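One structure is given here, and the rest of the page talks about it.
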Number of protein chains: 2
Amino acid sequence: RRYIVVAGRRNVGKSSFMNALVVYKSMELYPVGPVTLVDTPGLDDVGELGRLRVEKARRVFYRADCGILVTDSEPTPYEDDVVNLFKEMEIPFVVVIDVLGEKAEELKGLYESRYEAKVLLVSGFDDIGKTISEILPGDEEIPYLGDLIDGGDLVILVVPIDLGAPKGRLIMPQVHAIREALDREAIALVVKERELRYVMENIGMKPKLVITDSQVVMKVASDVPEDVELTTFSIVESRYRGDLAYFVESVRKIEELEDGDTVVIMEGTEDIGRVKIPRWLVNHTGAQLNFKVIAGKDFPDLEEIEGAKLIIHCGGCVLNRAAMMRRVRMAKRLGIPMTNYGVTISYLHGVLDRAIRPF
Amino acid sequence: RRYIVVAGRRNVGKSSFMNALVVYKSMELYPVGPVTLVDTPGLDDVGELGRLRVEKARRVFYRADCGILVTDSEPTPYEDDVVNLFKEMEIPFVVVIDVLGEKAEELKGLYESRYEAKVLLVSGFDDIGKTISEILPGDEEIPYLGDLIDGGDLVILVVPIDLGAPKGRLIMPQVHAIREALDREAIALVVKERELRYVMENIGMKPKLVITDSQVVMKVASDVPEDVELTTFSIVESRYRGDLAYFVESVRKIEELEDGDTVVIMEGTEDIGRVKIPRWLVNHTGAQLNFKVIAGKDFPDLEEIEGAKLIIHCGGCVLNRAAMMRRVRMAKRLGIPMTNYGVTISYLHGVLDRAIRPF
């Protein structure tokens with residue numbers, strides 16, 4: 001479902017608005033579809049000097065898709081705070097009886113001066129679901145390869161090992177790399193490592209990009225004559241279709257691990273994460289780390305991962321990017337570093353070269 | 001199901017054997033599975049000089065997977081004939097009370113001297129289904145590309161137009177051509193026609209094979225410098241996985257068409273076969289041809305296609321090769337020439353070049 005939060009100092013006047021245009025209340029809203037609305041009874045208790053309990057707030061705010069600030073009076077430090085926390089966590093938001101006629105019109109323009117969308121209380125809702133859809137994050141879909149990485153007439157090389165796809169088939173990352181290169185009017189050349197140096201010596205084109213499997217990148221590292229020819233791999237490309245920038249930043253936090261630090265493995269027969277990874281993390285750091293294995297369909301509760309020093313998400317678990325971003329965003333909001341199998345495994349050997357797309 | 005025929009001059013002694021180890025009789029037999037057995041009551045009436053009614057026989061024999069010749073006495077011209085018709089139609093077969101003890105053992109060796117498998121009457125059946133499976137046609141699967149067409153270090157070029165496969169995908173014939181080339185340690189290069197001449201001038205390798213769509217073969221015909229570079233197309237390759245030799249032979253029979261000749265279209269929104277084809281066939285020959293459109297799941301009855309001068313089967317209807325061979329074999333047996341959309345369409349423009357695999 002979609003998560004929307006309803007904050008505000010007001011108690012009775014807040015609960016009234018919620019129930020408008022029909023605790024968490026799950027109800028269908030057009031054109032956004034199903035959504036669940038949760039208010040802030042824990043946050044109702046206004047802090048010292050009329051402030052909002054920020055650390056108690058960021059405990060309930062972290063998992064919101066978007067936000068709502070329902071207000072009766074003029075902006076107090078409470079309304080100022082809630083807004084800053086939405087802005088910090090990058091949670092998109094909107095600001096919302098007929099008392100003080102024309103002042104309500106003023107208030108709409110008063111709350112509009114702090115650079116955000118203000119809608120008026122009706123006791124009008126056609127515009128509630130309408131604005132929610134417009135502030136909500138969009139498609140957020142990036143091209144398989146880099147936007148300017150491949151142009152027309154460019155040779156791209158795909159270097160496979162021993163395909164895991166059945167007889168007369170190739171794995172989806174490969175074919176998608178052939179298609180995107182073709183869509184961008186470039187040339188796709190697929191060849192096994194064994195015959196790589198031969199294609200590098202017989203063709204005339206210098207490869208713009210070269211892609212291969214994490215298994216044989218080192219062999220390819222030697223087959224490509226220099227740092228001049230940009231090499232990366234099918235796992236970093238797929239990892240790219242998520243949040244590479246955050247992940248790459250988060251792997252570099254492996255060094256920052258001390259004894260007793262908790263590293264969470266998020267997956268969902270003696271798998272890489274349950275066993276093989278921990279082993280490498282301990283071997284690479286020397287640290288007496290402990291690991292929480294979260295095998296669930298959706299992202300865990302705050303109580304299940306609060307205090308974790310790193311989150312290792314599974315690579316090819318195949319969710320919607322937007323459903324994976326929701327996960328990245330939450331981790332980014334809780335300040336917990338998050339990466340995935342692909343980036344970690346690559347980090348251990350040669351990740352820096354795999355990073356061909358600069359920030 | 002599997003079709004097996006039970007022939008022989010004998011009437012009561014034939015019907016007895018059939019009913020052994022439990023008109024068409026459909027029953028499960030190990031290890032061949034489900035099969036239907038049909039005898040020859042129409043053929044029971046022995047012809048002039050003890051002969052078999054050959055033209056009446058080849059009317060019921062054409063659709064058999066394999067054959068059975070049940071006999072009581074010594075080989076008469078009837079037993080001689082049935083055998084020759086099985087041999088002609090290439091229908092694989094086996095030869096089958098305890099009367100004339102040891103003579104039955106002799107008979108087994110007498111019927112064995114005419115170069116075929118003889119099994120003895122039991123009134124022993126473990127060996128019936130056992131032999132049927134061994135004579136029955138095998139896998140009959142050929143490699144996607146030519147067996148010796150591509151070896152290691154060989155460049156193969158796949159030239160697409162505007163893919164009919166959804167976003168981030170390629171059509172199955174293409175990917176299977178990438179895989180087979182990779183399996184054979186060759187190099188697959190995929191590029192649009194627009195950038196073809198550029199790859200032909202910048203790379204060092206001479207392409208062993210070049211594959212493309214029937215739509216742009218002519219453009220490629222010009223982009224490939226000579227007859228020295230072997231060009232063909234994804235449709236001829238797929239047509240190859242059927243009976244290319246027979247098809248190619250059968251298209252050349254387009255010229256042999258006169259006014260009144262019936263051309264059958266076998267398919268199963270204003271499709272190519274129902275309309276577009278007939279139009280071309282009439283335009284290319286000038287002949288006043290008529291067309292029977294057989295839209296069925298399985299191959300039609302003899303009465304539905306007897307007298308047809310050509311059968312145009314559908315190209316990408318996706319059946320098992322062995323289930324398509326069964327169709328080719330039947331047409332080959334009835335002496336009706338058979339081809340498919342792919343071969344006809346290609347015949348109209350440039351099929352001869354597409355034929356890179358010699359007989």
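Each chain in the structure tokens gets a letter, A, B and so on, in the order shown; residues start at 1 in every chain, and ligands are counted from 1 in the order they appear.
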Would you list the contacts of residue A:95 as a ChimeraX atom specification, taking every protein, DNA or RNA residue within 7 Å and counting only C-alpha atoms, but skipping same-chain residues closer than 5 positions in sequence?
/A:68-70,117-119
Those same residues, written as an mmCIF file, in the first residue's frame with N, CA and C atoms?
```
data_model
loop_
_atom_site.group_PDB
_atom_site.id
_atom_site.type_symbol
_atom_site.label_atom_id
_atom_site.label_comp_id
_atom_site.auth_asym_id
_atom_site.auth_seq_id
_atom_site.Cartn_x
_atom_site.Cartn_y
_atom_site.Cartn_z
ATOM 1 N N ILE A 68 1.299 14.920 5.035
ATOM 2 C CA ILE A 68 0.202 15.869 5.204
ATOM 3 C C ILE A 68 0.369 16.582 6.551
ATOM 4 N N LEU A 69 0.276 17.929 6.540
ATOM 5 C CA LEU A 69 0.329 18.750 7.751
ATOM 6 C C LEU A 69 -0.981 19.520 7.921
ATOM 7 N N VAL A 70 -1.875 18.980 8.766
ATOM 8 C CA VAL A 70 -3.176 19.587 9.042
ATOM 9 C C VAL A 70 -3.016 20.599 10.215
ATOM 10 N N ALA A 117 2.880 23.475 -1.428
ATOM 11 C CA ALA A 117 1.470 23.359 -1.788
ATOM 12 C C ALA A 117 0.536 23.376 -0.591
ATOM 13 N N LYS A 118 -0.402 24.331 -0.592
ATOM 14 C CA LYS A 118 -1.401 24.473 0.459
ATOM 15 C C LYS A 118 -2.812 24.298 -0.111
ATOM 16 N N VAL A 119 -3.603 23.402 0.510
ATOM 17 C CA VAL A 119 -4.997 23.073 0.167
ATOM 18 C C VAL A 119 -5.859 23.468 1.385
#
```
When you look at residue A:219 with a cut-off of 12 Å (counting only C-alpha atoms), what residues show up, excluding the ones that are within fewer than 6 positions of it in the same chain? I need them as a ChimeraX atom specification.
/A:159-161,192-197,212-213,225,231,350
Prev. selection, N, CA, C and O atoms, output as a PDB file, in the first residue's frame:
```
ATOM      1  N   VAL A 159      30.689 -10.168 -22.412  1.00  0.00           N
ATOM      2  CA  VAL A 159      31.595 -11.305 -22.253  1.00  0.00           C
ATOM      3  C   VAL A 159      31.012 -12.363 -21.276  1.00  0.00           C
ATOM      4  O   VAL A 159      31.192 -12.207 -20.068  1.00  0.00           O
ATOM      5  N   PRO A 160      30.312 -13.436 -21.745  1.00  0.00           N
ATOM      6  CA  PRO A 160      29.771 -14.426 -20.798  1.00  0.00           C
ATOM      7  C   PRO A 160      30.753 -15.553 -20.451  1.00  0.00           C
ATOM      8  O   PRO A 160      31.781 -15.712 -21.118  1.00  0.00           O
ATOM      9  N   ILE A 161      30.429 -16.337 -19.404  1.00  0.00           N
ATOM     10  CA  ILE A 161      31.257 -17.454 -18.936  1.00  0.00           C
ATOM     11  C   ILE A 161      30.681 -18.805 -19.435  1.00  0.00           C
ATOM     12  O   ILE A 161      31.183 -19.345 -20.417  1.00  0.00           O
ATOM     13  N   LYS A 192      32.941 -15.200 -25.559  1.00  0.00           N
ATOM     14  CA  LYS A 192      33.512 -15.771 -24.366  1.00  0.00           C
ATOM     15  C   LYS A 192      34.910 -15.256 -24.157  1.00  0.00           C
ATOM     16  O   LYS A 192      35.598 -14.925 -25.097  1.00  0.00           O
ATOM     17  N   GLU A 193      35.332 -15.207 -22.908  1.00  0.00           N
ATOM     18  CA  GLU A 193      36.649 -14.705 -22.559  1.00  0.00           C
ATOM     19  C   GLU A 193      37.773 -15.340 -23.330  1.00  0.00           C
ATOM     20  O   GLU A 193      38.739 -14.686 -23.672  1.00  0.00           O
ATOM     21  N   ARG A 194      37.646 -16.632 -23.567  1.00  0.00           N
ATOM     22  CA  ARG A 194      38.634 -17.405 -24.322  1.00  0.00           C
ATOM     23  C   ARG A 194      38.998 -16.708 -25.640  1.00  0.00           C
ATOM     24  O   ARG A 194      40.184 -16.638 -25.980  1.00  0.00           O
ATOM     25  N   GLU A 195      37.978 -16.168 -26.354  1.00  0.00           N
ATOM     26  CA  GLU A 195      38.157 -15.492 -27.640  1.00  0.00           C
ATOM     27  C   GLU A 195      38.108 -13.959 -27.534  1.00  0.00           C
ATOM     28  O   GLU A 195      38.020 -13.300 -28.566  1.00  0.00           O
ATOM     29  N   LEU A 196      38.269 -13.423 -26.343  1.00  0.00           N
ATOM     30  CA  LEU A 196      38.245 -11.989 -26.151  1.00  0.00           C
ATOM     31  C   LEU A 196      39.453 -11.260 -26.722  1.00  0.00           C
ATOM     32  O   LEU A 196      39.318 -10.335 -27.479  1.00  0.00           O
ATOM     33  N   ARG A 197      40.644 -11.635 -26.313  1.00  0.00           N
ATOM     34  CA  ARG A 197      41.872 -11.002 -26.829  1.00  0.00           C
ATOM     35  C   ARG A 197      41.911 -11.022 -28.370  1.00  0.00           C
ATOM     36  O   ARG A 197      42.350 -10.048 -28.978  1.00  0.00           O
ATOM     37  N   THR A 212      30.803  -7.960 -18.304  1.00  0.00           N
ATOM     38  CA  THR A 212      31.045  -9.360 -18.044  1.00  0.00           C
ATOM     39  C   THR A 212      30.597  -9.773 -16.662  1.00  0.00           C
ATOM     40  O   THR A 212      30.131  -8.961 -15.889  1.00  0.00           O
ATOM     41  N   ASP A 213      30.702 -11.057 -16.373  1.00  0.00           N
ATOM     42  CA  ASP A 213      30.322 -11.599 -15.079  1.00  0.00           C
ATOM     43  C   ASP A 213      31.387 -11.502 -14.004  1.00  0.00           C
ATOM     44  O   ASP A 213      32.537 -11.799 -14.241  1.00  0.00           O
ATOM     45  N   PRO A 225      43.427  -4.014 -22.632  1.00  0.00           N
ATOM     46  CA  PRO A 225      44.808  -3.503 -22.496  1.00  0.00           C
ATOM     47  C   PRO A 225      45.096  -2.406 -21.461  1.00  0.00           C
ATOM     48  O   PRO A 225      46.265  -2.278 -21.065  1.00  0.00           O
ATOM     49  N   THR A 231      35.571  -1.007 -18.324  1.00  0.00           N
ATOM     50  CA  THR A 231      34.990  -2.313 -18.011  1.00  0.00           C
ATOM     51  C   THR A 231      34.122  -2.276 -16.759  1.00  0.00           C
ATOM     52  O   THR A 231      34.454  -1.627 -15.775  1.00  0.00           O
ATOM     53  N   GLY A 350      37.335  -6.016  -7.227  1.00  0.00           N
ATOM     54  CA  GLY A 350      37.534  -4.781  -7.969  1.00  0.00           C
ATOM     55  C   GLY A 350      36.330  -3.944  -8.361  1.00  0.00           C
ATOM     56  O   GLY A 350      35.997  -3.862  -9.526  1.00  0.00           O
TER      57      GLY A 350
END
```
For a quick test of understanding: name the residues of chain B lying within 8 Å of chain A when counting only C-alpha atoms, and present them as JSON, numbers by chain.
{"B": [153, 167, 168, 169, 170, 172, 175, 176, 177, 178, 179, 180, 182, 185, 186, 187, 188, 189, 190, 191, 192, 195, 198, 202, 203, 204, 205]}
Using C-alpha atoms, can you export the residues from the last selection as a PDB file, in the first residue's frame?
```
ATOM      1  CA  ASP B 153      36.745 -17.932 -33.336  1.00  0.00           C
ATOM      2  CA  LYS B 167      11.122  -3.444 -24.212  1.00  0.00           C
ATOM      3  CA  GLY B 168      14.513  -4.850 -23.156  1.00  0.00           C
ATOM      4  CA  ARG B 169      14.030  -8.088 -25.146  1.00  0.00           C
ATOM      5  CA  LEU B 170      14.975  -9.732 -28.474  1.00  0.00           C
ATOM      6  CA  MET B 172      13.755 -15.996 -29.627  1.00  0.00           C
ATOM      7  CA  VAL B 175      18.875 -15.143 -28.991  1.00  0.00           C
ATOM      8  CA  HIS B 176      19.007 -18.850 -30.044  1.00  0.00           C
ATOM      9  CA  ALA B 177      21.370 -17.795 -32.895  1.00  0.00           C
ATOM     10  CA  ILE B 178      23.535 -15.882 -30.285  1.00  0.00           C
ATOM     11  CA  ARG B 179      23.525 -18.984 -27.975  1.00  0.00           C
ATOM     12  CA  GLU B 180      24.357 -21.638 -30.678  1.00  0.00           C
ATOM     13  CA  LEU B 182      28.436 -19.080 -28.344  1.00  0.00           C
ATOM     14  CA  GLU B 185      32.823 -21.036 -29.484  1.00  0.00           C
ATOM     15  CA  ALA B 186      32.154 -18.521 -32.342  1.00  0.00           C
ATOM     16  CA  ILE B 187      31.499 -14.691 -31.916  1.00  0.00           C
ATOM     17  CA  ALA B 188      28.003 -13.146 -32.207  1.00  0.00           C
ATOM     18  CA  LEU B 189      27.768  -9.527 -33.478  1.00  0.00           C
ATOM     19  CA  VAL B 190      24.335  -7.941 -33.575  1.00  0.00           C
ATOM     20  CA  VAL B 191      23.812  -4.718 -35.441  1.00  0.00           C
ATOM     21  CA  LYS B 192      21.140  -2.871 -37.370  1.00  0.00           C
ATOM     22  CA  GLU B 195      25.472   0.352 -39.163  1.00  0.00           C
ATOM     23  CA  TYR B 198      30.484   0.309 -40.975  1.00  0.00           C
ATOM     24  CA  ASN B 202      36.102  -1.601 -39.489  1.00  0.00           C
ATOM     25  CA  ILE B 203      36.408  -5.217 -38.218  1.00  0.00           C
ATOM     26  CA  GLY B 204      39.135  -7.620 -39.487  1.00  0.00           C
ATOM     27  CA  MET B 205      37.099 -10.871 -39.672  1.00  0.00           C
TER      28      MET B 205
END
```
For stretch 283-292 of chain A, please output as a ChimeraX atom specification all residues within 6 Å (counting only C-alpha atoms; exclusion window: fewer than 6 positions along the same chain).
/A:258-264
Could you write those residues out with C-alpha atoms, as an mmCIF file, in the first residue's frame?
```cif
data_model
loop_
_atom_site.group_PDB
_atom_site.id
_atom_site.type_symbol
_atom_site.label_atom_id
_atom_site.label_comp_id
_atom_site.auth_asym_id
_atom_site.auth_seq_id
_atom_site.Cartn_x
_atom_site.Cartn_y
_atom_site.Cartn_z
ATOM 1 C CA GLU A 258 34.379 -2.574 15.054
ATOM 2 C CA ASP A 259 33.816 -5.672 17.289
ATOM 3 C CA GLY A 260 30.167 -6.160 18.295
ATOM 4 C CA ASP A 261 28.723 -4.254 15.287
ATOM 5 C CA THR A 262 25.493 -5.799 13.890
ATOM 6 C CA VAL A 263 25.321 -6.367 10.118
ATOM 7 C CA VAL A 264 21.782 -7.206 8.837
#
```
Pick out each residue of stretch 81-264 of chain B that DSSP on the backbone tags as strand (DSSP E); I need them as number ranges by chain.
B: 93-95, 155-159, 187-190, 209-212, 230-233, 262-264
Preceding selection exported with N, CA, C and O atoms as a PDB file, in the first residue's frame:
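Saved as selection.pdb:
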```
ATOM      1  N   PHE B  93       9.010 -50.891 -39.331  1.00  0.00           N
ATOM      2  CA  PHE B  93       8.100 -52.000 -39.023  1.00  0.00           C
ATOM      3  C   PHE B  93       8.756 -53.205 -38.336  1.00  0.00           C
ATOM      4  O   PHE B  93       9.983 -53.285 -38.233  1.00  0.00           O
ATOM      5  N   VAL B  94       7.899 -54.124 -37.844  1.00  0.00           N
ATOM      6  CA  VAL B  94       8.251 -55.398 -37.208  1.00  0.00           C
ATOM      7  C   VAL B  94       7.352 -56.493 -37.772  1.00  0.00           C
ATOM      8  O   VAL B  94       6.200 -56.210 -38.122  1.00  0.00           O
ATOM      9  N   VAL B  95       7.870 -57.737 -37.857  1.00  0.00           N
ATOM     10  CA  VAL B  95       7.117 -58.867 -38.408  1.00  0.00           C
ATOM     11  C   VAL B  95       6.701 -59.864 -37.316  1.00  0.00           C
ATOM     12  O   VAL B  95       7.542 -60.314 -36.538  1.00  0.00           O
ATOM     13  N   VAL B 155      33.266 -15.207 -36.797  1.00  0.00           N
ATOM     14  CA  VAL B 155      32.301 -14.122 -36.586  1.00  0.00           C
ATOM     15  C   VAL B 155      31.004 -14.456 -37.317  1.00  0.00           C
ATOM     16  O   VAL B 155      31.027 -14.859 -38.488  1.00  0.00           O
ATOM     17  N   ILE B 156      29.885 -14.381 -36.578  1.00  0.00           N
ATOM     18  CA  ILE B 156      28.536 -14.550 -37.112  1.00  0.00           C
ATOM     19  C   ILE B 156      27.826 -13.228 -36.853  1.00  0.00           C
ATOM     20  O   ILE B 156      28.006 -12.629 -35.780  1.00  0.00           O
ATOM     21  N   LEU B 157      27.097 -12.736 -37.839  1.00  0.00           N
ATOM     22  CA  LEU B 157      26.413 -11.476 -37.682  1.00  0.00           C
ATOM     23  C   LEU B 157      24.940 -11.653 -37.770  1.00  0.00           C
ATOM     24  O   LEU B 157      24.442 -12.338 -38.640  1.00  0.00           O
ATOM     25  N   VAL B 158      24.242 -11.066 -36.795  1.00  0.00           N
ATOM     26  CA  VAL B 158      22.788 -11.087 -36.676  1.00  0.00           C
ATOM     27  C   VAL B 158      22.388  -9.633 -36.935  1.00  0.00           C
ATOM     28  O   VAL B 158      22.883  -8.734 -36.263  1.00  0.00           O
ATOM     29  N   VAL B 159      21.597  -9.398 -37.989  1.00  0.00           N
ATOM     30  CA  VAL B 159      21.197  -8.063 -38.433  1.00  0.00           C
ATOM     31  C   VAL B 159      19.677  -7.826 -38.223  1.00  0.00           C
ATOM     32  O   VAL B 159      18.897  -8.216 -39.093  1.00  0.00           O
ATOM     33  N   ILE B 187      31.773 -16.060 -32.399  1.00  0.00           N
ATOM     34  CA  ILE B 187      31.499 -14.691 -31.916  1.00  0.00           C
ATOM     35  C   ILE B 187      30.206 -14.142 -32.555  1.00  0.00           C
ATOM     36  O   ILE B 187      30.103 -14.061 -33.787  1.00  0.00           O
ATOM     37  N   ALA B 188      29.251 -13.720 -31.719  1.00  0.00           N
ATOM     38  CA  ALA B 188      28.003 -13.146 -32.207  1.00  0.00           C
ATOM     39  C   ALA B 188      28.061 -11.609 -32.188  1.00  0.00           C
ATOM     40  O   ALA B 188      28.371 -11.006 -31.152  1.00  0.00           O
ATOM     41  N   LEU B 189      27.798 -10.981 -33.353  1.00  0.00           N
ATOM     42  CA  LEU B 189      27.768  -9.527 -33.478  1.00  0.00           C
ATOM     43  C   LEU B 189      26.373  -9.135 -33.972  1.00  0.00           C
ATOM     44  O   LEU B 189      25.984  -9.490 -35.090  1.00  0.00           O
ATOM     45  N   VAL B 190      25.659  -8.358 -33.181  1.00  0.00           N
ATOM     46  CA  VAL B 190      24.335  -7.941 -33.575  1.00  0.00           C
ATOM     47  C   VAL B 190      24.329  -6.464 -33.869  1.00  0.00           C
ATOM     48  O   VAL B 190      24.734  -5.671 -33.049  1.00  0.00           O
ATOM     49  N   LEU B 209      28.884 -16.632 -41.458  1.00  0.00           N
ATOM     50  CA  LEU B 209      27.456 -16.515 -41.700  1.00  0.00           C
ATOM     51  C   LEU B 209      26.957 -15.140 -41.276  1.00  0.00           C
ATOM     52  O   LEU B 209      27.473 -14.557 -40.324  1.00  0.00           O
ATOM     53  N   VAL B 210      25.914 -14.680 -41.954  1.00  0.00           N
ATOM     54  CA  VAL B 210      25.249 -13.427 -41.673  1.00  0.00           C
ATOM     55  C   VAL B 210      23.774 -13.727 -41.722  1.00  0.00           C
ATOM     56  O   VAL B 210      23.300 -14.282 -42.685  1.00  0.00           O
ATOM     57  N   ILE B 211      23.045 -13.357 -40.681  1.00  0.00           N
ATOM     58  CA  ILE B 211      21.623 -13.635 -40.602  1.00  0.00           C
ATOM     59  C   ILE B 211      20.809 -12.382 -40.422  1.00  0.00           C
ATOM     60  O   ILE B 211      21.206 -11.493 -39.715  1.00  0.00           O
ATOM     61  N   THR B 212      19.657 -12.319 -41.066  1.00  0.00           N
ATOM     62  CA  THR B 212      18.801 -11.158 -40.980  1.00  0.00           C
ATOM     63  C   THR B 212      17.361 -11.482 -41.296  1.00  0.00           C
ATOM     64  O   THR B 212      17.031 -12.604 -41.619  1.00  0.00           O
ATOM     65  N   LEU B 230      28.490 -15.615 -46.992  1.00  0.00           N
ATOM     66  CA  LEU B 230      27.263 -16.420 -46.933  1.00  0.00           C
ATOM     67  C   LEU B 230      26.121 -15.801 -46.109  1.00  0.00           C
ATOM     68  O   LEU B 230      26.174 -15.809 -44.878  1.00  0.00           O
ATOM     69  N   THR B 231      25.077 -15.297 -46.797  1.00  0.00           N
ATOM     70  CA  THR B 231      23.935 -14.663 -46.137  1.00  0.00           C
ATOM     71  C   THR B 231      22.681 -15.528 -46.191  1.00  0.00           C
ATOM     72  O   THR B 231      22.390 -16.160 -47.198  1.00  0.00           O
ATOM     73  N   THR B 232      21.935 -15.465 -45.106  1.00  0.00           N
ATOM     74  CA  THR B 232      20.671 -16.149 -44.936  1.00  0.00           C
ATOM     75  C   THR B 232      19.822 -15.428 -43.884  1.00  0.00           C
ATOM     76  O   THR B 232      20.206 -14.370 -43.390  1.00  0.00           O
ATOM     77  N   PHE B 233      18.659 -15.974 -43.543  1.00  0.00           N
ATOM     78  CA  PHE B 233      17.831 -15.297 -42.555  1.00  0.00           C
ATOM     79  C   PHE B 233      17.080 -16.098 -41.525  1.00  0.00           C
ATOM     80  O   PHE B 233      16.708 -17.227 -41.749  1.00  0.00           O
ATOM     81  N   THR B 262      -5.478 -26.804 -57.277  1.00  0.00           N
ATOM     82  CA  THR B 262      -5.816 -26.490 -55.887  1.00  0.00           C
ATOM     83  C   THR B 262      -4.550 -26.390 -55.047  1.00  0.00           C
ATOM     84  O   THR B 262      -3.733 -27.318 -55.027  1.00  0.00           O
ATOM     85  N   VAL B 263      -4.400 -25.261 -54.353  1.00  0.00           N
ATOM     86  CA  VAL B 263      -3.284 -25.001 -53.446  1.00  0.00           C
ATOM     87  C   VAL B 263      -3.901 -24.883 -52.042  1.00  0.00           C
ATOM     88  O   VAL B 263      -4.757 -24.025 -51.815  1.00  0.00           O
ATOM     89  N   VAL B 264      -3.512 -25.790 -51.130  1.00  0.00           N
ATOM     90  CA  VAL B 264      -4.019 -25.830 -49.752  1.00  0.00           C
ATOM     91  C   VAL B 264      -3.141 -24.992 -48.813  1.00  0.00           C
ATOM     92  O   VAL B 264      -1.915 -25.063 -48.882  1.00  0.00           O
TER      93      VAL B 264
END
```
For stretch 300-316 of chain B, find every residue with an atom within 6 Å (counting only C-alpha atoms), except residues of its own chain fewer than 5 positions away, and show them as a PDB file with N, CA and C atoms, in the first residue's frame.
```pdb
ATOM      1  N   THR B 262      -5.478 -26.804 -57.277  1.00  0.00           N
ATOM      2  CA  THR B 262      -5.816 -26.490 -55.887  1.00  0.00           C
ATOM      3  C   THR B 262      -4.550 -26.390 -55.047  1.00  0.00           C
ATOM      4  N   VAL B 263      -4.400 -25.261 -54.353  1.00  0.00           N
ATOM      5  CA  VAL B 263      -3.284 -25.001 -53.446  1.00  0.00           C
ATOM      6  C   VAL B 263      -3.901 -24.883 -52.042  1.00  0.00           C
ATOM      7  N   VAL B 264      -3.512 -25.790 -51.130  1.00  0.00           N
ATOM      8  CA  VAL B 264      -4.019 -25.830 -49.752  1.00  0.00           C
ATOM      9  C   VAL B 264      -3.141 -24.992 -48.813  1.00  0.00           C
ATOM     10  N   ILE B 265      -3.784 -24.179 -47.962  1.00  0.00           N
ATOM     11  CA  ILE B 265      -3.135 -23.332 -46.959  1.00  0.00           C
ATOM     12  C   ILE B 265      -3.473 -23.952 -45.609  1.00  0.00           C
ATOM     13  N   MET B 266      -2.443 -24.356 -44.864  1.00  0.00           N
ATOM     14  CA  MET B 266      -2.599 -24.966 -43.551  1.00  0.00           C
ATOM     15  C   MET B 266      -2.148 -24.004 -42.457  1.00  0.00           C
ATOM     16  N   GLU B 267      -3.102 -23.397 -41.763  1.00  0.00           N
ATOM     17  CA  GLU B 267      -2.769 -22.511 -40.661  1.00  0.00           C
ATOM     18  C   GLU B 267      -3.211 -23.078 -39.308  1.00  0.00           C
ATOM     19  N   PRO B 337       3.396 -31.964 -52.839  1.00  0.00           N
ATOM     20  CA  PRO B 337       4.511 -31.099 -52.416  1.00  0.00           C
ATOM     21  C   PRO B 337       4.102 -30.173 -51.255  1.00  0.00           C
ATOM     22  N   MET B 338       4.976 -30.052 -50.243  1.00  0.00           N
ATOM     23  CA  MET B 338       4.704 -29.230 -49.068  1.00  0.00           C
ATOM     24  C   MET B 338       5.850 -28.295 -48.768  1.00  0.00           C
ATOM     25  N   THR B 339       5.489 -27.061 -48.449  1.00  0.00           N
ATOM     26  CA  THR B 339       6.400 -25.989 -48.078  1.00  0.00           C
ATOM     27  C   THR B 339       5.738 -25.158 -46.964  1.00  0.00           C
ATOM     28  N   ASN B 340       6.315 -24.000 -46.608  1.00  0.00           N
ATOM     29  CA  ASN B 340       5.703 -23.132 -45.604  1.00  0.00           C
ATOM     30  C   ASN B 340       5.810 -21.661 -45.976  1.00  0.00           C
ATOM     31  N   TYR B 341       5.196 -20.788 -45.198  1.00  0.00           N
ATOM     32  CA  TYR B 341       5.203 -19.370 -45.481  1.00  0.00           C
ATOM     33  C   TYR B 341       6.589 -18.827 -45.702  1.00  0.00           C
ATOM     34  N   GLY B 342       7.446 -19.110 -44.760  1.00  0.00           N
ATOM     35  CA  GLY B 342       8.822 -18.640 -44.802  1.00  0.00           C
ATOM     36  C   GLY B 342       9.570 -18.900 -46.088  1.00  0.00           C
TER      37      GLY B 342
END
```
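Remark: for residue B:44, the closest of the candidate residues B:109, B:75, B:13, B:92 is B:13 (distances computed over only C-alpha atoms).
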DSSP-assigned helix (DSSP H, G or I) among stretch 73-318 of chain B, expressed as JSON, numbers by chain
{"B": [77, 78, 79, 80, 81, 82, 83, 84, 85, 86, 87, 88, 103, 104, 105, 106, 107, 108, 109, 110, 126, 127, 128, 129, 130, 131, 132, 133, 134, 135, 172, 173, 174, 175, 176, 177, 178, 179, 180, 181, 182, 183, 193, 194, 195, 196, 197, 198, 199, 200, 201, 202, 217, 218, 219, 220, 221, 222, 223, 234, 235, 236, 237, 238, 239, 240, 244, 245, 246, 247, 248, 249, 250, 251, 272, 273, 274, 275, 276, 277, 278, 279, 280, 281, 282, 283, 284, 285, 302, 303, 304, 305]}
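Non-sequential neighbours of residue A:218 (distance at most 9 Å, separation of 4 or more positions within a chain, only C-alpha atoms) are residues 214, 222, 223, 349 and 350 of chain A.
Rounded to one decimal, atom CA of residue B:3 and atom CA of residue B:133 lie 12.3 Å from each other.
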May I have the residues within 9 Å of residue A:21 as number ranges by chain, using only C-alpha atoms and disregarding those fewer than 3 positions away in the same chain?
A: 17-18, 29, 125-126
